[PDB]
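Written out below as structure tokens is the structure these notes cover.
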Amino acid sequence: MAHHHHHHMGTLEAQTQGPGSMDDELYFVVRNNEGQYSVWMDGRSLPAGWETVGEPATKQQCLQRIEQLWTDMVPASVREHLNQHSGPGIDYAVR
């Protein structure tokens with residue numbers, strides 16, 4: 001419905017969806033020495049050197065966050081999946 005193409009994400013933690021459904025499938029965003037982003041299941045200890053980021057939330061949230069950060073700049077491919085052509089509201093990122 002809405003016509004703000006992408007939500008201005010917050011620095012560390014900023015949920016642009018929600019926690020999840022009703023589950024404990026919390027994930028964090030993680031990385032090390034690479035500068036790029038990945039995701040990891042919360043509660044599971046990380047190898048020495050790895051670092052965490054984002055909000056602990058379902059895989060959907062976790063990926064959606066980083067995909068709408070770095071990879072966000074989506075080409076025509078967005079139009080292909082853009083349902084409400086009049087107003088996306090929640091624009092479809094490109095993982």
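Following the order of the structure tokens, chains are lettered A, B, ..., residues in each are numbered from 1, and ligands are numbered from 1.
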>> Taking 2 positions as the minimum chain separation for residues in the same chain, which residues sit within 8 Å of residue 57 of chain A when counting only C-alpha atoms? Answer as an MDAnalysis selection string.
In response: chainID A and resid 18:20 25:28 55 59:62
So that I can check the surroundings of segment 81-95 of chain A, please list as a PDB file with C-alpha atoms, in the first residue's frame every protein, DNA and RNA residue that reaches within 12 Å of it, counting only C-alpha atoms and ignoring chain neighbours fewer than 3 positions away.
```
ATOM      1  CA  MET A   1       0.000   0.000   0.000  1.00  0.00           C
ATOM      2  CA  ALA A   2       2.552   2.559   1.205  1.00  0.00           C
ATOM      3  CA  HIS A   3       4.990   4.138  -1.258  1.00  0.00           C
ATOM      4  CA  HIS A   4       8.217   4.544   0.723  1.00  0.00           C
ATOM      5  CA  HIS A   5      10.513   2.315  -1.332  1.00  0.00           C
ATOM      6  CA  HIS A   6      12.788   1.183   1.537  1.00  0.00           C
ATOM      7  CA  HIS A   7      12.755   1.671   5.318  1.00  0.00           C
ATOM      8  CA  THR A  16      11.488  -3.993  10.088  1.00  0.00           C
ATOM      9  CA  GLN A  17       9.050  -6.912  10.329  1.00  0.00           C
ATOM     10  CA  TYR A  37      27.397 -10.566   6.330  1.00  0.00           C
ATOM     11  CA  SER A  38      26.011 -13.963   7.249  1.00  0.00           C
ATOM     12  CA  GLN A  60      13.479 -14.172   7.880  1.00  0.00           C
ATOM     13  CA  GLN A  61      14.228 -11.071   9.965  1.00  0.00           C
ATOM     14  CA  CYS A  62      17.933 -11.817  10.120  1.00  0.00           C
ATOM     15  CA  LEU A  63      18.394 -12.154   6.337  1.00  0.00           C
ATOM     16  CA  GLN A  64      15.818  -9.448   5.505  1.00  0.00           C
ATOM     17  CA  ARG A  65      17.826  -6.986   7.582  1.00  0.00           C
ATOM     18  CA  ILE A  66      21.192  -7.466   5.847  1.00  0.00           C
ATOM     19  CA  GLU A  67      19.659  -7.979   2.394  1.00  0.00           C
ATOM     20  CA  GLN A  68      17.930  -4.610   2.817  1.00  0.00           C
ATOM     21  CA  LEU A  69      21.268  -3.127   3.953  1.00  0.00           C
ATOM     22  CA  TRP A  70      24.054  -4.156   1.567  1.00  0.00           C
ATOM     23  CA  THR A  71      22.298  -6.065  -1.213  1.00  0.00           C
ATOM     24  CA  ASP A  72      19.236  -3.771  -0.990  1.00  0.00           C
ATOM     25  CA  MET A  73      19.945  -1.960  -4.279  1.00  0.00           C
ATOM     26  CA  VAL A  74      17.689  -4.177  -6.381  1.00  0.00           C
ATOM     27  CA  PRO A  75      17.278  -3.750 -10.207  1.00  0.00           C
ATOM     28  CA  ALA A  76      14.153  -4.436 -12.334  1.00  0.00           C
ATOM     29  CA  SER A  77      13.973  -7.826 -10.582  1.00  0.00           C
ATOM     30  CA  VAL A  78      11.912  -6.055  -7.897  1.00  0.00           C
TER      31      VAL A  78
END
```
>> Residues near segment 47-53 of chain A, anyone? I mean within 6 Å using only C-alpha atoms, not counting same-chain ones fewer than 6 positions away, as number ranges by chain.
In response: A: 29-32
Keeping N, CA, C and O atoms, export the residues of the selection given above as a CSV table (one decimal), in the first residue's frame.
```csv
chain,number,residue,atom,x,y,z
A,29,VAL,N,22.9,-12.0,13.1
A,29,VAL,CA,23.7,-11.7,12.0
A,29,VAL,C,25.2,-11.9,12.4
A,29,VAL,O,25.5,-11.3,13.5
A,30,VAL,N,26.0,-12.6,11.7
A,30,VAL,CA,27.4,-12.8,12.1
A,30,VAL,C,28.4,-12.6,11.0
A,30,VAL,O,28.0,-12.7,9.8
A,31,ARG,N,29.6,-12.4,11.4
A,31,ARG,CA,30.7,-12.3,10.4
A,31,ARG,C,32.1,-12.3,11.1
A,31,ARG,O,32.1,-12.2,12.3
A,32,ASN,N,33.1,-12.4,10.3
A,32,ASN,CA,34.5,-12.2,10.8
A,32,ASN,C,35.5,-12.0,9.7
A,32,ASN,O,35.4,-12.8,8.7
```
> What separation in Å, quoted to one decimal, exists between atom CA of residue 12 of chain A and atom CA of residue 43 of chain A?
Replying inline: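 Computing it gives 18.8 Å between the two atoms.
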>> Just list as an MDAnalysis selection string whatever in chain A DSSP marks as strand (DSSP E).
In response: chainID A and resid 27:31 38:41 51:57
>> Please identify the alpha helix (DSSP H) residues within chain A (assignment by DSSP from backbone atoms) and present them as a list in words.
In response: residues 59, 60, 61, 62, 63, 64, 65, 66, 67, 77, 78, 79, 80 and 81 of chain A
>> For a test of reading the model, state the distance in Å between atom CA of residue 14 of chain A and atom CA of residue 42 of chain A, rounded to one decimal.
In response: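 Spanning atom CA of residue 14 of chain A to atom CA of residue 42 of chain A is a straight-line distance of 16.9 Å.
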>> Would you compute the distance between atom CA of residue 44 of chain A and atom CA of residue 13 of chain A? Give it in Å to one decimal.
In response: 19.5 Å
